[PDB]
Structure formats: C-alpha cells, structure tokens
Amino acid sequence: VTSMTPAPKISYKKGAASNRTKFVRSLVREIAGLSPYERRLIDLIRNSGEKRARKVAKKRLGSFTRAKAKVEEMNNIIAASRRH
Amino acid sequence: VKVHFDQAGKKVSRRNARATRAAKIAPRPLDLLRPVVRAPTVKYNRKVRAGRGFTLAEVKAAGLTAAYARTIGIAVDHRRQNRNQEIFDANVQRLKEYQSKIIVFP
Amino acid sequence: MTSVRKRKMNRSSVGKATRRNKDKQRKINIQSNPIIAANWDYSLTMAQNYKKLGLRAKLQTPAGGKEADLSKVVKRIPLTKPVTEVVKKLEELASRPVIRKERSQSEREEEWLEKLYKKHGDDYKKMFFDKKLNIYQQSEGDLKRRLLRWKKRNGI
Amino acid sequence: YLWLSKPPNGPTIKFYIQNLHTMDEXXXXXXXXXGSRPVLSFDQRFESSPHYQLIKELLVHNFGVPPXXXXXXXXXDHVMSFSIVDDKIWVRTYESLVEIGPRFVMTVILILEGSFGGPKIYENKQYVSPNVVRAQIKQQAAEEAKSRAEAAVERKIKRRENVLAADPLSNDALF
RNA sequence: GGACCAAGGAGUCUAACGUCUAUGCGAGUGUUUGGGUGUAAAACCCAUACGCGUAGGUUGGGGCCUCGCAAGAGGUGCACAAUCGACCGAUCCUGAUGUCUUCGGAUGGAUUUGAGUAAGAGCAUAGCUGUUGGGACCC
RNA sequence: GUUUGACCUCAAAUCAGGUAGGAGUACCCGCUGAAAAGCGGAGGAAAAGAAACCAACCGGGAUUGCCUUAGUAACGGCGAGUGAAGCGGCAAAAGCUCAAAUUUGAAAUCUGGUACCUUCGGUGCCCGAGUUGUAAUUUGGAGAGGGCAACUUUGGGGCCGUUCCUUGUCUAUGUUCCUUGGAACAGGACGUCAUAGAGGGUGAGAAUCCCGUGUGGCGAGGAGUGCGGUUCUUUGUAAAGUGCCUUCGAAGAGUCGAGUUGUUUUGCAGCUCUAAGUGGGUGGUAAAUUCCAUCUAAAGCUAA
C-alpha cells in the first residue's frame, strides 16, 4: 500500500542477439544465395527504386514492416557485394 | 436433465477421502502452506485471500530454498510477483510462524 | 438386473464373485507412525483426533463452523443499563539425534594425500604446482580440506 | 475508431463509431452501380463551428471522387447525407430516395496536428470513451460492495448492541 | 355410440414471471455450492462470499379524550383522499457576475412532469391459483 | 587390380522374440452428418493441464468441477429468441521433461544371444545399435565453468512385524406352565439375555428354537514398500546442496503472419504467398515522433 519494487523479469529472448547467432545467420545468407523473388528484388531495386521495391516486397509479404526489413536487408547485400 | 441425488453421499465419500488421504499423511496437514494474498478487481481489492504459492524471493527471505520448502509443505508459485510491501511482510511472518510450529523427523 | 449378462450370471452355477467392502471403508489404519497409531482413536474424527493431539489438522480458514462445543458459559452483555503429550513425544523423537556416521575417506586417495604429505609437507603452493601425484590438479583449499580431514582421521 | 488524414499534411481527426447496419438486412433492399459519382447532403450548418467546418472540408476532400473512378459513366443517383444530431453525425446512403446503404452513428473525438503524430490541437469534451463507462460501472459496484460490507459490520454491531438486560425480578436473575 | 360383463383407462410433472393467503425475521432477509458433525441420503452447527431489498397548510376522517342524563358540543386526529404549497429532475424563455470570442449560468418566469423528496418494507418458505413453454388431459 | 574389400540400398528366410485386428461400448475423444444415425479410437475414467494466461486492480497465477457472475454482456428479418466470460466462494491441489553451445583426457549409452546367479531381474562374455549422437549435466524460476569460504548430506539390500487384499473359525439368553389350534411361532402366567428386540427359516405375529445379529478373539494364504524395528553390507578423491567472487551465458519456420475459399460464430481446414531476433504475442494508455503492462507460441508428460 506504500510501494515495493519487484525485480523485472525479462525473457532471455528479449535480451539481445549473440555474436554466435549473427555469425550463423550471416553465414547462412551467402550459402543459401537468393530466393527467386529476392533475385527479382535486387534487380527491381537497381532498376526502379526502393519505392516500387518496397511495394512489390509488401505484395510478396503480408505486412509492411517486414517489407521494410526485407528491402533494407537487400540493400545490405548490395552494399556488401558491390562496393566490396 | 441431472439431479444431484448424491449430494449427501459424495460429501461422505469426500470426507472418506479426507479421512483416507489423512491416514497416509498422518502427522502432516492435508493442505499445504498457502500465501495470504490481496485480491484484484476494485470490487475485491480490499479483500485478502488465500493465494497459490509465495515466490522464490520470499522463501529466500524466509531463509530456505523452495526446492526444500516443497518438502516442508509450503506451496510455491514462481509466476506470481511480489509487488506490495505489506503483503510480502505479512506472508514472511506467516512463513516464520509456520517454521516455528513444525518439528521435522530426520 | 435386466441385461442378458446379469441374468445369465444369476442363473449360472458359478455364483457371484461377492466381496463386502462397505463396512471397512469407513475405518482406516493410519499406517505411518506407531505413535499416532497408538493415540489414534477411530471414534472422534480426523479433525477431533488431530485437535486432541495438538497438531493443526487443516492449515487455514475452514469453511463452515467448528465445534465451539460449550466449554464455557457466555453471559449476556448488559449494554450499561441505567441504575501436548504426544506432541512432546514427537518433539523428543524429532529432537532425538540419529546415530550418524562420519563420512570417511577412501584408501587410495588418503594414501595419495599421505604421499603428498611426505613429498611437500604442509605447504600448499608447492603441492599445487606439483605434476606428479597431483595429476587431477586439485583446487587450492580442496587440498587443504582433504588434508585436514585426513589429519583429523590419522596423524593429528 | 477511425482516423482519416492527409498523409503529408497537418490534418488528423479521430472519429468514434456507433450503431452500424449492414447490406445484409432488408434495410438496403437494393444495389447500385459501384463507381457512380456521389452527391452529399450536409444536413447541418458546418460553417459556424471551425473544427466541424474542417471536418466537412476533409470529408469533401476524402469522399470527393475524381473521374478516374471506374463505372462512372453511369450516375446511380448515389447520395450520402451527413447530419449532426446533437454532436453525432448520422450518415445515410440513398439512391425519391430509398436507403440502399449502411447506416452510421458517428462521433468526433479529437483533432491533432501533423500526419499521424503532431500535437493535439482540438478535442471535444462531450465525448466519453466507453472504457470510462465500464470504469464507472465497476467503480459504482465497488462502492456498493464497500457500503454493503460496512452495513454488515454495523448490523453485527447493532445485534451485539441490541441485547436488553434481564429484569432484576426474574427467575434467571435470581438463579 | 353402443351384444354383454370384469379389470385397466384420460388436467400429471417441471421451469419462468403474477395475485392471494399463511408462517419466520425485519431494513434487512435468505443454513443445506460447500465445511464441521452424526445414532448417517435424516437431524445438528456454520466461515467467507453471493442473491434481492433498504439507504408544510386546509378540509375531512377510524377512533380516543373532555363536557353533556342522554341527544349532541368541543379538542386531538390512524389509514386514505382533495386542495393550496414547497423542493428536486425535466420543460422553454431571462442570459447577470464574469467573459480567452465563444465560454458561462446568476436571477426571475412558465406549464405539466414523476409508483420523485417531505421518515422505509422487504426477504425467505409453504399452500391455492393466473399467463407462457416444455408431449402438457387422452386418442 | 579383369582381383579383393568397405560401405550404402534392396530383397529373402517354416530364423529368433514380440505386436495389430474382434467383441462390448453407459461415460470419454476425434471425423462425418441429416430430417440423431454413422465411423474411428481409448481408459477406469478419458479429455484438459503447468500461461505467447487473465487483468488494469492495493493485481491475480496449471488444469478440472460446483455455486455465483446471469438470463447479464454480446448476438439475432435486435423477430422467434439465442446466449457467454473475468472476478468471488468452494472442492481438489503437484509439478515436471526435451530440443540450443564438446566428455573429447578416451560412447562414458542400450537391444539381443550365451554362461551362471538370490529371476517383473542381476553379473560376466560376445554380437550388434549408435558419432547422420546413445549417456551425465542444463529447460529461464535460468544455467554452466571455475575459485573461495565453509558447512550439510549420502546408497543398497535382507528378515520380522505393521499396512492392504482374499479367506477360515470362535464368541449371549425359555423351547418354563395353562388355554385354543392339525400344527404354537397365538393368548395368559412366570422368567433370562442384550454393545445382540436387523433379517430370515422352522406346520400361524419367535429377542430368548435355529441361522444369524452385536461385541470382541484366534487363525490361513497372498500383495506390498507405505513405515517400524532388527540384520547384512555399503568410498570412490563418489554425488549433491547453500552463500560470495570471477568468466560466460545457445533455443521449437512452410511456422508466425497475409489474402482467398469453405465451415463455424471467432477459430478451424484447403489453396496461394510467406517472416523477425534488444525478437515475437497480447491488452490498455495518451497532456501524444506516447509510455506502461503482461507472457514466451510454433516439442512432451502429469495424480486428485
């Protein structure tokens, strides 16, 4: 009736990502290559801009924030490949 | 359509259970040591109640482990959270009084 | 008694597998401690018999009404008109120390400690960095604990 | 709830929705050509109140239909009427007029700046969110339970303080 | 509609509202989900909740008192009724003191309003009955 | 090397050992489904069940069931009527296991065969299975590695009781006189027992005639770890727990989700598309480029 502060229990899923799992995911990325709509998607970025790219990706996906992450990820792939 | 003709009978059977279980549990109570816990829901928020189990941190504040406390007959809930001071303190006093009144055979 | 099975079993020469249970389900033996088996009465109840013991039968807040069973006379308020024993036995039994045995040491490893006691003596930093006869590389103080247990066992 | 807003611009309004009626029942009993140009019927001033005036403006911008509508070569006598009753916009749909459309009872809540975030510029205090109504119900019930418990306490007091003593001349008084 | 005769054979039960009556308690009332108890489907006891309810005048006038031998007279007046009130809520005007330029309701009106205030009556059980529904008097 | 052998796959065995079916089906669980029937699958219960919960509070805390919520919310030609749930009180209460980083200083794991033994098994030996991962340890409430300080703890048998089951046996008092009657168990007179006057039989209403009934007693054969004594052994640098310090600190994807179709009244199913990792789910909240709450889905078991 005055106060008492509990120790807040945060799930270990909500903590962070490890170095290990980032290595795992990125190492899977170059091995798996691109799916065919991703092969379309990099080309569609390079041709008609991220506006139409995000729109086509959202059409391929269900929602919009996933289309953001997908377009941003393929931008990361283009930045990792083309400059480097 | 169903009529509880056995309302007199089942109670008898239930007390038979409350007899028979007690036979196996001969020194110990039938029920565990439950927390005294204030209710939700503003209609009931002045009401205090029997709770399920205490917490880990409270049983540590009592001065024992919950894994051992289950052997002593103290009901323990991990998923509850202690957020009120007076609830916590009153239940700690409850735990201490329960510790005072038990004698444990080796 | 109108199923074909029950009528045939009635008319059969086998006879009913009849067992009587309803008398003996009320009475129970307590099976657990001979002390409570002594003070158990089979007449009062679980509740009255635990109360007569002194042990708290149910923990908390019984639904319903207990027997206040007329121990005292209660008089009306005028509103200011104008002018233990078996508990003690179990407490002794739980208070009784059991015949316990000290956890001793095994012969090979106390012989190992005996080798260390003569190789290094008493000092621990030398025997910690000993390769031969410390191949498990024991912890600094585990060495102390085992040697003190060995000395209390044998050799002061 | 809904928002309708110009997504690069300052307008942002939040309206509450009551009393919906669908195309399923006989309340419509007719279809129209999907894509005919709508007519509006502002059965209210929408002039004297500046925020209602902005509401009327943004409903014009919203519900105004350019000729890029398909099947717009037909005009299906389509008209929608807006009527502030007390402060609730009853919105009806007609096609002589027969109600052929869904039915609204609509309620203003708040007006804020920007495209979806910008600071709250206007709010009508007349609206109550129904969560607050449920909260009133629960608070009143809790007050009733509190009073009932206090009354039960005082009843047990009065039952304790209700006892009248015996006469000094009675058999129980003697004995 | 019928040869006769015997037996069988047709408004039962339950649920939800409703009146009446009886009973207990009374602004409270309701033990029996359940617990305790027991001579054990009985009876007995009952913690916490829950349910439903609760949260002025005049005229008369039962009586009663006084006086009157009586007849009658005077006084106080139950229930209830009528009137004139009052107040609350509404009703449509007044729109002050203030006033963020549209906020505000102060005061005074007006009719009706309402199982409204102006000193409770209900809860529970039983019985008889009204309406409805379950096959619902039977075929 | 045209040879030989590892594997891997696939066959065959009158090879060894096991197992499936059918009946019943009151209750349970799935599938289908009209104006219920049917199908499939179990058990003494089944199911469900240890929060990707409910809430908005001074928060609660697996599931199940009862009373209340309540004929309310909500739905419905808002017609017919349909019809919840949170909380509260109670009964009952119980929690656990995987899947993620190495044991790498030794696959430490197990089936099977055989030889013995104290056999719901044990030991030995040998084939196999298995690294495309069987053991120990760890399931977030963390946990692990160490280190420090201490403490604290040990397991397995036997036997005899007890407990449970199935039985067996023993344990009161009139057959006293008279009448009636074919027959006294009827009627009258005088009695005895009783922790036994329940019931039945005996030629009519039998406490006392018999069986029982009531109270206790003595057995017998099993079940069994429930505990209670004895008795035999169990240590091997074995296993575990608590506080402090140090270094780390990995989890359910054709899934989540989106659209559509059917179905249900929001789920489910199909088809198409199809993710994230300070992630995700869900709900309130706003003085708003909001804050806060609450759980961890896509693996499993669990009495009452």
# chains A, B, ... in the order shown; residues from 1 in each chain; ligands from 1
>>> select_by_dssp(residues="stretch 15-153 of chain D", states="strand (DSSP E or B)", output="MDAnalysis selection string")
chainID D and resid 15:21 39:42 79:84 88:94 99 103:112 120:123
>>> select_by_dssp(residues="stretch 10-67 of chain A", states="helix (DSSP H, G or I)", output="NGL selection string")
:A and (12-14 or 19-32 or 36-60 or 65-67)
>>> residues_around(residues="residue F:153", least_positions_apart="5", cutoff="10 Å", atoms="only C-alpha atoms (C1' of nucleotides)", output="PyMOL selection string")
(chain C and resi 103) or (chain F and resi 239-241)
>>> closest_atom_pairs(of="chain B", to="chain F", cutoff="7 Å", atoms="only C-alpha atoms (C1' of nucleotides)", output="Markdown table")
| residue | atom | partner | partner_atom | distance |
| --- | --- | --- | --- | --- |
| B:39 | CA | F:60 | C1' | 6.9 |
| B:40 | CA | F:59 | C1' | 4.7 |
| B:41 | CA | F:57 | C1' | 4.8 |
| B:42 | CA | F:57 | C1' | 5.7 |
| B:45 | CA | F:58 | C1' | 6.3 |
| B:78 | CA | F:141 | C1' | 5.5 |
| B:79 | CA | F:61 | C1' | 6.5 |
| B:80 | CA | F:61 | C1' | 5.8 |
>>> residues_around(residues="stretch 88-90 of chain D", least_positions_apart="5", cutoff="10 Å", atoms="only C-alpha atoms (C1' of nucleotides)", output="list in words")
residues 15, 16, 17, 18, 19, 42, 43, 44, 81, 82, 83, 103, 104, 105, 106, 107, 108 and 127 of chain D
>>> residues_around(residues="residue B:18", least_positions_apart="6", cutoff="10 Å", atoms="only C-alpha atoms (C1' of nucleotides)", output="short mmCIF file (atom, residue, chain, number, x, y, z; two decimals) with C-alpha atoms, in the first residue's frame")
data_model
loop_
_atom_site.label_atom_id
_atom_site.label_comp_id
_atom_site.auth_asym_id
_atom_site.auth_seq_id
_atom_site.Cartn_x
_atom_site.Cartn_y
_atom_site.Cartn_z
CA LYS B 11 -19.71 -35.45 0.76
CA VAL B 12 -19.49 -38.62 2.84
CA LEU B 30 -3.82 -32.33 4.20
CA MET C 46 -9.58 -36.89 11.71
CA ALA C 47 -10.44 -33.40 12.93
#
>>> closest_residue(among="F:244, F:250, F:218, F:177", to="residue A:21", atoms="only C-alpha atoms (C1' of nucleotides)")
F:250
>>> residues_around(residues="residue A:3", least_positions_apart="4", cutoff="9 Å", atoms="only C-alpha atoms (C1' of nucleotides)", output="MDAnalysis selection string")
chainID B and resid 83:86
>>> closest_residue(among="D:174, D:165, D:128, D:149", to="chain E", atoms="only C-alpha atoms (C1' of nucleotides)")
D:149
>>> closest_residue(among="D:167, D:28, D:155, D:145", to="residue D:97", atoms="only C-alpha atoms")
D:28
>>> residues_around(residues="residue C:56", least_positions_apart="5", cutoff="7 Å", atoms="only C-alpha atoms (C1' of nucleotides)", output="PyMOL selection string")
(chain B and resi 29) or (chain C and resi 50-51)
>>> write_last_selection(atoms="N, CA, C and O atoms", output="short mmCIF file (atom, residue, chain, number, x, y, z; two decimals), in the first residue's frame")
data_model
loop_
_atom_site.label_atom_id
_atom_site.label_comp_id
_atom_site.auth_asym_id
_atom_site.auth_seq_id
_atom_site.Cartn_x
_atom_site.Cartn_y
_atom_site.Cartn_z
N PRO B 29 -0.51 -31.92 7.74
CA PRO B 29 -1.84 -31.48 7.30
C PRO B 29 -2.13 -31.97 5.90
O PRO B 29 -1.23 -32.36 5.15
N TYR C 50 -6.98 -35.02 15.60
CA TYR C 50 -5.84 -34.13 15.43
C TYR C 50 -5.88 -32.98 16.41
O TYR C 50 -4.84 -32.48 16.84
N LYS C 51 -7.08 -32.51 16.75
CA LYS C 51 -7.18 -31.46 17.75
C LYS C 51 -6.77 -31.97 19.12
O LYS C 51 -6.09 -31.27 19.88
#
>>> interface_residues(of="chain F", to="chain C", cutoff="7 Å", atoms="only C-alpha atoms (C1' of nucleotides)", output="PyMOL selection string")
chain F and resi 163+226-227+235-237
>>> atom_distance(atom1="atom CA of residue D:63", atom2="atom CA of residue D:30")
21.5 Å
>>> interface_residues(of="chain D", to="chain B", cutoff="12 Å", atoms="only C-alpha atoms", output="PyMOL selection string")
chain D and resi 135-149
>>> atom_distance(atom1="atom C1' of residue F:252", atom2="atom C1' of residue F:298")
6.1 Å
>>> interface_residues(of="chain D", to="chain C", cutoff="12 Å", atoms="only C-alpha atoms", output="list in words")
residues 157, 158, 159, 160, 161, 162, 163, 164, 165, 166, 167, 168, 172 and 173 of chain D
>>> write_last_selection(atoms="N, CA, C and O atoms", output="PDB file, in the first residue's frame")
ATOM      1  N   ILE D 157     -22.726  -5.022  14.842  1.00  0.00           N
ATOM      2  CA  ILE D 157     -22.648  -4.114  15.988  1.00  0.00           C
ATOM      3  C   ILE D 157     -24.002  -3.990  16.668  1.00  0.00           C
ATOM      4  O   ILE D 157     -24.128  -4.194  17.880  1.00  0.00           O
ATOM      5  N   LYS D 158     -25.032  -3.676  15.883  1.00  0.00           N
ATOM      6  CA  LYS D 158     -26.363  -3.427  16.422  1.00  0.00           C
ATOM      7  C   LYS D 158     -26.968  -4.698  16.998  1.00  0.00           C
ATOM      8  O   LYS D 158     -27.752  -4.646  17.949  1.00  0.00           O
ATOM      9  N   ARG D 159     -26.579  -5.852  16.465  1.00  0.00           N
ATOM     10  CA  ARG D 159     -27.007  -7.113  17.053  1.00  0.00           C
ATOM     11  C   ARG D 159     -26.299  -7.362  18.373  1.00  0.00           C
ATOM     12  O   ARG D 159     -26.904  -7.868  19.324  1.00  0.00           O
ATOM     13  N   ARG D 160     -25.018  -7.009  18.456  1.00  0.00           N
ATOM     14  CA  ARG D 160     -24.341  -7.021  19.744  1.00  0.00           C
ATOM     15  C   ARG D 160     -24.894  -5.934  20.651  1.00  0.00           C
ATOM     16  O   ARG D 160     -25.097  -6.151  21.850  1.00  0.00           O
ATOM     17  N   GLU D 161     -25.175  -4.761  20.085  1.00  0.00           N
ATOM     18  CA  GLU D 161     -25.672  -3.659  20.899  1.00  0.00           C
ATOM     19  C   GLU D 161     -27.192  -3.606  20.892  1.00  0.00           C
ATOM     20  O   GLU D 161     -27.782  -2.525  20.988  1.00  0.00           O
ATOM     21  N   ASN D 162     -27.836  -4.757  20.780  1.00  0.00           N
ATOM     22  CA  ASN D 162     -29.283  -4.820  20.698  1.00  0.00           C
ATOM     23  C   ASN D 162     -29.825  -5.519  21.936  1.00  0.00           C
ATOM     24  O   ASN D 162     -31.026  -5.472  22.216  1.00  0.00           O
ATOM     25  N   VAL D 163     -28.922  -6.179  22.666  1.00  0.00           N
ATOM     26  CA  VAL D 163     -29.304  -7.015  23.796  1.00  0.00           C
ATOM     27  C   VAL D 163     -29.828  -6.165  24.941  1.00  0.00           C
ATOM     28  O   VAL D 163     -29.176  -5.216  25.390  1.00  0.00           O
ATOM     29  N   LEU D 164     -31.021  -6.502  25.415  1.00  0.00           N
ATOM     30  CA  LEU D 164     -31.617  -5.862  26.575  1.00  0.00           C
ATOM     31  C   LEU D 164     -31.422  -6.772  27.779  1.00  0.00           C
ATOM     32  O   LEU D 164     -31.613  -7.986  27.677  1.00  0.00           O
ATOM     33  N   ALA D 165     -31.042  -6.186  28.910  1.00  0.00           N
ATOM     34  CA  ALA D 165     -30.738  -6.981  30.090  1.00  0.00           C
ATOM     35  C   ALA D 165     -32.015  -7.483  30.747  1.00  0.00           C
ATOM     36  O   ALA D 165     -33.109  -6.978  30.487  1.00  0.00           O
ATOM     37  N   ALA D 166     -31.863  -8.489  31.600  1.00  0.00           N
ATOM     38  CA  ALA D 166     -32.996  -9.057  32.309  1.00  0.00           C
ATOM     39  C   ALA D 166     -33.498  -8.102  33.378  1.00  0.00           C
ATOM     40  O   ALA D 166     -32.780  -7.209  33.837  1.00  0.00           O
ATOM     41  N   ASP D 167     -34.752  -8.292  33.763  1.00  0.00           N
ATOM     42  CA  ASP D 167     -35.270  -7.626  34.942  1.00  0.00           C
ATOM     43  C   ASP D 167     -34.559  -8.167  36.178  1.00  0.00           C
ATOM     44  O   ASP D 167     -34.146  -9.331  36.191  1.00  0.00           O
ATOM     45  N   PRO D 168     -34.382  -7.354  37.220  1.00  0.00           N
ATOM     46  CA  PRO D 168     -33.823  -7.894  38.467  1.00  0.00           C
ATOM     47  C   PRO D 168     -34.747  -8.890  39.136  1.00  0.00           C
ATOM     48  O   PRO D 168     -34.292  -9.763  39.882  1.00  0.00           O
ATOM     49  N   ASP D 172     -34.198 -16.223  36.262  1.00  0.00           N
ATOM     50  CA  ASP D 172     -32.808 -16.308  35.845  1.00  0.00           C
ATOM     51  C   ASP D 172     -31.965 -15.251  36.536  1.00  0.00           C
ATOM     52  O   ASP D 172     -30.757 -15.435  36.724  1.00  0.00           O
ATOM     53  N   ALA D 173     -32.582 -14.130  36.915  1.00  0.00           N
ATOM     54  CA  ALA D 173     -31.852 -13.120  37.668  1.00  0.00           C
ATOM     55  C   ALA D 173     -31.533 -13.616  39.069  1.00  0.00           C
ATOM     56  O   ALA D 173     -30.475 -13.295  39.624  1.00  0.00           O
TER      57      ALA D 173
END
>>> closest_residue(among="F:243, F:249, F:221, F:277", to="residue B:64", atoms="only C-alpha atoms (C1' of nucleotides)")
F:243
>>> interface_residues(of="chain E", to="chain B", cutoff="10 Å", atoms="only C-alpha atoms (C1' of nucleotides)", output="ChimeraX atom specification")
/E:32,34-35,40-41,48
>>> write_last_selection(atoms="N, CA, C and O atoms (P, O5', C5', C4', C3', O3' and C1' of nucleotides)", output="PDB file, in the first residue's frame")
ATOM      1  P     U E  32     -28.089 -22.217   1.932  1.00  0.00           P
ATOM      2  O5'   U E  32     -27.863 -23.778   2.043  1.00  0.00           O
ATOM      3  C5'   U E  32     -26.553 -24.305   2.118  1.00  0.00           C
ATOM      4  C4'   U E  32     -26.606 -25.784   2.335  1.00  0.00           C
ATOM      5  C3'   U E  32     -27.246 -26.573   1.212  1.00  0.00           C
ATOM      6  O3'   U E  32     -26.318 -26.890   0.200  1.00  0.00           O
ATOM      7  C1'   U E  32     -28.143 -27.252   3.298  1.00  0.00           C
ATOM      8  P     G E  34     -22.268 -29.554  -2.500  1.00  0.00           P
ATOM      9  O5'   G E  34     -21.161 -28.929  -1.544  1.00  0.00           O
ATOM     10  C5'   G E  34     -19.807 -28.844  -1.955  1.00  0.00           C
ATOM     11  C4'   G E  34     -19.050 -27.844  -1.127  1.00  0.00           C
ATOM     12  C3'   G E  34     -18.723 -28.296   0.275  1.00  0.00           C
ATOM     13  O3'   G E  34     -17.628 -29.179   0.326  1.00  0.00           O
ATOM     14  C1'   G E  34     -19.620 -26.141   0.376  1.00  0.00           C
ATOM     15  P     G E  35     -17.640 -30.351   1.410  1.00  0.00           P
ATOM     16  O5'   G E  35     -17.250 -29.602   2.741  1.00  0.00           O
ATOM     17  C5'   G E  35     -15.927 -29.141   2.913  1.00  0.00           C
ATOM     18  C4'   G E  35     -15.807 -28.399   4.202  1.00  0.00           C
ATOM     19  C3'   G E  35     -16.036 -29.234   5.444  1.00  0.00           C
ATOM     20  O3'   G E  35     -14.859 -29.893   5.868  1.00  0.00           O
ATOM     21  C1'   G E  35     -17.334 -27.267   5.552  1.00  0.00           C
ATOM     22  P     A E  40     -27.549 -44.297  11.925  1.00  0.00           P
ATOM     23  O5'   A E  40     -27.456 -42.828  11.333  1.00  0.00           O
ATOM     24  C5'   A E  40     -28.441 -42.332  10.443  1.00  0.00           C
ATOM     25  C4'   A E  40     -27.807 -41.754   9.210  1.00  0.00           C
ATOM     26  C3'   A E  40     -27.335 -42.781   8.186  1.00  0.00           C
ATOM     27  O3'   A E  40     -27.472 -42.238   6.885  1.00  0.00           O
ATOM     28  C1'   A E  40     -25.509 -41.484   8.899  1.00  0.00           C
ATOM     29  P     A E  41     -28.824 -42.427   6.054  1.00  0.00           P
ATOM     30  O5'   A E  41     -28.895 -41.075   5.240  1.00  0.00           O
ATOM     31  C5'   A E  41     -27.698 -40.407   4.869  1.00  0.00           C
ATOM     32  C4'   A E  41     -27.931 -39.402   3.774  1.00  0.00           C
ATOM     33  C3'   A E  41     -29.288 -38.713   3.798  1.00  0.00           C
ATOM     34  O3'   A E  41     -29.147 -37.354   3.397  1.00  0.00           O
ATOM     35  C1'   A E  41     -29.007 -39.851   1.743  1.00  0.00           C
ATOM     36  P     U E  48     -17.544 -14.707   8.363  1.00  0.00           P
ATOM     37  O5'   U E  48     -16.973 -14.769   6.883  1.00  0.00           O
ATOM     38  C5'   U E  48     -15.609 -14.512   6.608  1.00  0.00           C
ATOM     39  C4'   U E  48     -15.310 -14.833   5.174  1.00  0.00           C
ATOM     40  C3'   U E  48     -16.138 -14.066   4.166  1.00  0.00           C
ATOM     41  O3'   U E  48     -15.645 -12.769   3.911  1.00  0.00           O
ATOM     42  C1'   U E  48     -16.157 -16.353   3.610  1.00  0.00           C
TER      43        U E  48
END
